[PDB]
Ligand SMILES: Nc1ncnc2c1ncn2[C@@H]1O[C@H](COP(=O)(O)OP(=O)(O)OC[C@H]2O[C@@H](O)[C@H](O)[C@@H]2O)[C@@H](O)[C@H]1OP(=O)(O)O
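Below, in structure tokens: the form deposited without the named molecule, a single chain.
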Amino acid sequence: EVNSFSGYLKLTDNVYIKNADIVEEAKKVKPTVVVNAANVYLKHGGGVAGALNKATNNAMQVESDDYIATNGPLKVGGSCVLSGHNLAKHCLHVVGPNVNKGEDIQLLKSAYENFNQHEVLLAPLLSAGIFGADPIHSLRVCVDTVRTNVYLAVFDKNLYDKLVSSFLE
């Protein structure tokens, strides 16, 4: 069945978290929407984007390249909706700020606001990893900003454990 999310920990009325690999979750769950941790040029060579793209056998990148060549880049804090290929009905490509590259952390709020157009989403923690932002902060912005139902996948067990502890303080 679609959107079969299993084994999540409910944080708030609409935010859930699991220590899991987002690619494997997308396969198990068959979600309507998977969120990609995109950059403005939809170049999915690394991070979560690379994992999602590889799981689509490069179909996501081919589609994204054609999109960008005609439609131009996204903005930091922005999004677009493309195909979910084999992983979901839709992929919501969301650009969080890359604070490793000096972008404004305040754009992380705008980034999460993109989730509010979709009733339920499977998602990574925005601006983590190669984007360099503090994950405890990202979870707080998620909780404070997203109103629709978001199921967060965090594969690194140590990070998952610190996030749950932070939420429960």
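Between two forms, the rigid core is the largest collection of C-alphas that superpose within 1.5 Å. Just count from 1 along the sequence shown to find any residue number.
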After a core fit, does 96-104 or 50-58 show the bigger CA gap to the shown form in 9 other deposited structures of this protein?
-> 96-104
Of 133-141 and 23-31, the stretch whose C-alpha atoms average the higher B-factor in the entry | 23-31
Please place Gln106 in the lowest, middle or highest third of its chain by C-alpha B factor as given in the entry.
-> highest
Here the Cα B-factor of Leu87, set against its chain, lands in the third termed highest
Please rank the C-alpha B-factors of the chain's modelled residues and tell me whether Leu159 sits in the lowest, middle or highest third.
-> highest
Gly46's Cα B-factor: lowest, middle or highest third of the chain?
-> highest
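Just so you know, the form deposited with the named molecule bound exists too; it's not on screen, but the next bit is about it.
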Decide yes or no: are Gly47, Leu125 and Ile130 jointly within 4.5 Å of the named molecule in the bound PDB entry, with each residue judged by its heavy atoms?
-> yes
Contact test in the bound PDB entry: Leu121 vs the named molecule, heavy atoms, 4.5 Å | no
Could you tell me if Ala51 has a non-hydrogen atom within 4.5 Å of the named molecule in the bound PDB entry?
-> yes
Any non-hydrogen atom of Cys142 within 4.5 angstroms of the named molecule in the bound PDB entry = no
In the bound PDB entry, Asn39 touching the named molecule (heavy atom, 4.5 Å) | yes
